[PDB]
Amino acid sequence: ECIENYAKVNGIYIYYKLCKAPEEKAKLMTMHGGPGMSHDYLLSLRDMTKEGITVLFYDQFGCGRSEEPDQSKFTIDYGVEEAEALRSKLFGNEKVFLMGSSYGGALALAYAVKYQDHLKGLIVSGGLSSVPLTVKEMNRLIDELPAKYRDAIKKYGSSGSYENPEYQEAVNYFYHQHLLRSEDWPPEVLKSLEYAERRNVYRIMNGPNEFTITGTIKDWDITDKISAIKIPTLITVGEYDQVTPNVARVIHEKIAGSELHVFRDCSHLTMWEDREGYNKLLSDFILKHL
């Protein structure tokens, strides 16, 4: 049982769950993917507390339990100013370890470029610095899928017929291959997905699905700026992650001293596929740069 509460940031209420660590050695701020999902599917990281690591979970604007601002503010740039404000409001000047998953990773990167002075380390899992690149890679993944699912994605996708059952099949197949490779997904994940579909952030900023980025982040690309990051950076990417290792490499190539860890048999939600290993490597990294 962690403490849950509402924080008023930039004129709106943001829900956050703080799981303090007994003999806390450091704090970890987390950023969920999407955009438009929730912190829920990241709960697995809570195990970090037993390692003396406090973990801050929170639903970004318009996500999960938080309220949406003006649509004109559905941007990554705003998401950054939201993270800082929360950081500043919840912890003050105390520096912290920022972690970002998927979109949260791209968001985390944008944050570091501006407020790395408030960070001690950066952990990017399945993240990205360029949306277009992430898109071209996924396309390769699609063409690598069974003909039926590949032609169903191109056929029904070019028409916006995402409701199509066949299209749906191709989507879930893709997910059970590059999003999460396991029989039954944990409730935590299903809720984040449930949230993305309930709120309006995922529909506007991201688009129809994971491999269909028609949202307002279509052209985003700060690969040319992530180079200014100097803090201890840890990058992870599933072997079959929807955001391919090539996307993780481009990042790891711009951040000197960064580490790249490709988890075998894992995909996107590596924190669930390999909970132990994931939580381990992340805590090891942190406990190395206090």
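Residue positions are given as counts along the sequence shown, with the first one as 1.
Requested in this report: Return whichever of 88-96 and 130-138 has the greater mean Cα B factor according to the PDB record.
Outcome: Stretch with the higher mean C-alpha B-factor: 88-96.
Requested in this report: Would you tell me which stretch averages the higher CA B-factor in the PDB entry, 150-158 or 198-206?
Outcome: Of 198-206 and 150-158, the stretch with the higher C-alpha B-factor average is 150-158.
Report task. Choose from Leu107, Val124, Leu119, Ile217 the residue with the greatest Cα B-factor as stated in the PDB record. Result -> Spelled out: the listed residue with the top C-alpha B-factor is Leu119.
Query - B-factor third for the C-alpha atom of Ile14 within its chain - result: Lowest third - that is where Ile14 ends up once the chain's C-alpha B-factors are sorted.
Report task. Taking the values exactly as deposited, rank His178 by C-alpha B-factor within its chain and report the matching third: lowest, middle or highest. Result -> Ranked within chain, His178 CA B lands in the lowest tercile.
Report task. Taking the chain's C-alpha temperature factors as the reference, tell me which third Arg264 falls into: lowest, middle or highest. Result -> Its C-alpha B-factor belongs to the middle third of this chain's values.
Requested in this report: Going by the recorded CA B-factors, say which third of the chain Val113 sits in, lowest, middle or highest.
Outcome: Highest third, going by the recorded CA B-factors of the chain.
Query raised in the report: Going by what the PDB entry lists, where does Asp59 fall on CA B-factor within its chain: lowest, middle or highest third?
Result: Lowest third.
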